[PDB]
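Heads up, what comes next is one protein chain in two forms, each shown on its own as structure tokens, labelled structure 1 and structure 2.
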Structure 1
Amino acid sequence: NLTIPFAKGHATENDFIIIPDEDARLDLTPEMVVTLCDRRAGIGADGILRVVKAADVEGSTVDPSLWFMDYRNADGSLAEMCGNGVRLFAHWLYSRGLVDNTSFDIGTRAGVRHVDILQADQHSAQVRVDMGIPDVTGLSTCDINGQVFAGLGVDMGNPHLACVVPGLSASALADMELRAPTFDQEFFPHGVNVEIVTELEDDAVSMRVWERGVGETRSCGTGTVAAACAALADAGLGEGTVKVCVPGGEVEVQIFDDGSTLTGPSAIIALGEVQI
């Protein structure tokens, strides 16, 4: 029935359909989302980022003149957390001349985010995003596939449990076989994302992640910040700069005593039109 312009891109292989809607002319229903993000029947993504002014988003109470990351999960749901996504949305905004400043603010359902474009062209960027104060909630354990791991619990807006594993190489991490983890039920009352991480080594670590009711993913933004907190803690530091390697790429995490940042890439890989 309607043909609309779109783009496809990803931030460390967490991939999105960007749908411009400057004039908020699109009623994008949860069934339309689910269709569009169907990898075999549609275009295929982890979600849609619709480009709209905060003004026009039902329920945003942020400054109405911001651009708002109207972010939908692949199941249609209104995402309340955001991560890697922000890097892509920032990239689109800056490269299409929708903002004109390398440093600006983005309306999201989790509140305003602040970003800094560090490099940007039509296809690639590096973006620094302010991720909030990590809330460390303490030691916990989990079981994956008949093995206990010590982790550090971390709240970034959503819960994580980051298990830094002394001895474990990047290879051995690669070779482990993951399964839905079991963990402390009462410690995590809304479930938990679990990261397995190597130890700080040249200010870097490698991570794999099991997201909450999703399973293994290529990249989880909030998760890389969690892993960085843990890897620092596992070494006796509370502040620092860590390169985190996930299956989808590399980010850089900065842990301050009063905040955190995530720095990493974004890619706009295709442009076209799609039918409803």
Structure 2
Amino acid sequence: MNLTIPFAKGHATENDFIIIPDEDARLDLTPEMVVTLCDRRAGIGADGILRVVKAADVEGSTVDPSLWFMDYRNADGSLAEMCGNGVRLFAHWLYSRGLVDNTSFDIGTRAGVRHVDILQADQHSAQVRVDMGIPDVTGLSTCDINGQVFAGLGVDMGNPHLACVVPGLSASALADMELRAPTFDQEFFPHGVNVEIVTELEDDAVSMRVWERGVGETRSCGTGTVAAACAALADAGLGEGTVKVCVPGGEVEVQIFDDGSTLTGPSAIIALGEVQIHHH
């Protein structure tokens, strides 16, 4: 006995999502079902899910009930407290379908409210700026990736990061290295952690790869790019700045003040349809 769910597919710097419209709040998917859908072969395939729902109808939220809420699920069914690339696609979706009518608006997330600015938008593409709030640098920790250690900044962007700027690493060296789920200090990161490997600041740019909690390597990670841009700035001895972060799925521009931070990048809406899945 299978359900038929309307959906759209999209990405933001090739970090890709399945959008489930759910204003009547009748598709709070179980984690098994999330897994099934984010399986490319068995389902559709994605890095995770954006279920579109009002804050009024989302369990555990206490943000303004009148806002749209970005119910993000990771590909393993795991919840997460924020998703930078997600927020951009979610904004793109809402605007482009006329579910809001300003280029500038607030969205609810599991880390609270996030403001967005639509800079450019079609049916299929957009550029979105996100107020990401203040990066809270949590301390210093390390990880091991494939019997080699790196030292990083803990950063809280809503969710946890370990941003390891690597002294001397070229971009081509970085493209080459082979990643395995890192191992980290579980007292420091009791809930798991997103890890970013980063090149040092140069021409106001860094290059990054990332091993997402819940998911594995992704072609981009928006909260992680901001984490990386802190780390790169801190390693150059600044704490304000504008940094272009280069990820396997593209480019974003992060901006860091003392009062806050922003993440500006593209978003794309690739497909619409309906999908089959089994309850059991």
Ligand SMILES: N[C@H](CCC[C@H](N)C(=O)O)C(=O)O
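Residue numbering: structure 1 sequence, from 1.
> Just checking, which of these two is the form deposited with the named molecule bound?
Answer 2, the form deposited with the named molecule bound.
> Are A267 and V246 part of the same rigid unit, between structure 1 and structure 2?
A267 and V246 are in different rigid parts, judged by which superposition fits each C-alpha better.
> Rigid-body comparison between structure 1 and structure 2: how many degrees does the smaller part rotate once the larger part is superposed on C-alpha atoms?
Value for the rigid-body rotation reads 16 degrees.
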